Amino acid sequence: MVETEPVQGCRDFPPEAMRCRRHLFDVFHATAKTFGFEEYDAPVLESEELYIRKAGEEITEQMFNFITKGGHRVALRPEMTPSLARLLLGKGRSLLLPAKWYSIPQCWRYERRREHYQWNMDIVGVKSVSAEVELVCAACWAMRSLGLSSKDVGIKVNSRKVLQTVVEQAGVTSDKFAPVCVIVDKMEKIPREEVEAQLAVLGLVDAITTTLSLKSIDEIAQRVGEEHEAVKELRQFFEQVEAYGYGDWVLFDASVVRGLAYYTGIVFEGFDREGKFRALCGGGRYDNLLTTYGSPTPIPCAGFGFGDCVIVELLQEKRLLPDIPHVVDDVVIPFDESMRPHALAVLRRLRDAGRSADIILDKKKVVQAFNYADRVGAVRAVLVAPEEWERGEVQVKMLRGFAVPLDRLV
């Protein structure tokens, strides 16, 4: 007997499970359309080089990589953003800006689950914080579309420029900034003795702790100035999100850095207000990535990723994922095999009119055909019997036996 279980750390999606996933994706798609984002895709298999950033990131530590038979180093994408950048670079001057691109790629890791789907939304060619605002509102919009309120979740928001200044003022060559954000991001999970050790292990702390634990924007105006670009940006951000109507969804948190190397400005993180779950989504501005990839002109970018697992746990906890049973409008039941041809002509017309319809495919008695119709969640059973066919009719019966002329069925 064969191995019925999927490969280590990956999920099967039989119809029941697939309905749950499709309910989630519908929202991701519907939200992108609402916000004017265009869909894209790229291979799940990308060159390994694409992710060699050399900043001790979890995402590049836990790459699911291998060597092709022909020698080339490739990998199953751990994230989409580098793929996006490559596409953007290839377009170059032909790419009209600003561009708003989205996708729902499966992304991978080797280690616990080894794959997840991650909704990606990104805005390209927008200098101002209006990008981050839109993005953050898109994420709130989706969560709200799934049944969640500002009582259930929020989005913590920060800027890396604050810390950039503190690092810069402290004489630290700017090349150390990315490795620092990555360690500081660990602060949540690892202890302060362990996190302090990594910053010292990178050749160096006090000012970092104090600034991470600042609880308000006023307090960072004290420390940095009321027109550090970061203060002006965050105020504009919050004012814009206020104005869009999602003020109760967003708040400031000076400890939020995110784990990725390329964020340069505003960064953000979705969370459940009960403190039970990991981050629901994560994102930020990344204005230098494309310059890093070799763009002859800097290209401002911002975006986020929004996983398919934490959100589902959350929705299951809040009882917002009722099992969605399969449905179909009509189930056509031939009285017996001599009626099959006629049953098919009826099936054809039901479908021609835009309805979803089955026909009983195997041979069985009418009552068992009816039970089957109930089991597949048919809204209506259409019995095709010889007596009624003579009258140009069939027997209809609503499941959620009046005879009906064929033309009136639809």
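One-based numbering along the sequence shown. For clarity, a rigid core is taken as the largest C-alpha set superposing within 1.5 Å between two forms.
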**Message:** Please tell me which region, 34-42 or 66-74, has C-alphas lying farther from the displayed form on average in 9 other deposited structures of this protein, with superposition done on the core.
**Reply:** 66-74
**Fill in**
Here the number of deposited-sequence residues unresolved in the coordinates between residue 309 and residue 310 is none
**Prompt:** Does the deposited sequence hold unmodelled residues between residue 111 and residue 112, and if so, how many: none, 1 to 3, 4 to 9, or 10 or more?
**Reply:** 4 to 9
**Asked** So which stretch wins on mean C-alpha B-factor, 30-38 or 358-366?
**Response** 358-366
**Greater mean Cα temperature factor according to the PDB record, 195-203 or 86-94** = 195-203
**Complete:** Residue set 142, 212, 280, 251, per-entry CA B-factor max assigned to 212
**Fill in**
Among 336, 219, 134, 274, highest Cα B-factor in the entry goes to 219
**Message:** Please say which third, lowest, middle or highest, residue 152 falls into when its CA temperature factor is compared across its chain.
**Reply:** middle
**Request:** Would you check the entry's CA temperature factor for residue 259 and let me know if it's in the chain's lowest, middle or highest third?
**Result:** middle
**Request:** Pull the Cα B-factor of residue 70 out of the PDB entry and bin it into the chain's lowest, middle or highest third.
**Result:** highest
**Request:** Just say lowest, middle or highest third for the CA B-factor of residue 53 relative to the other modelled residues in its chain.
**Result:** highest
**Request:** Going by the recorded CA B-factors, say which third of the chain residue 100 sits in, lowest, middle or highest.
**Result:** lowest
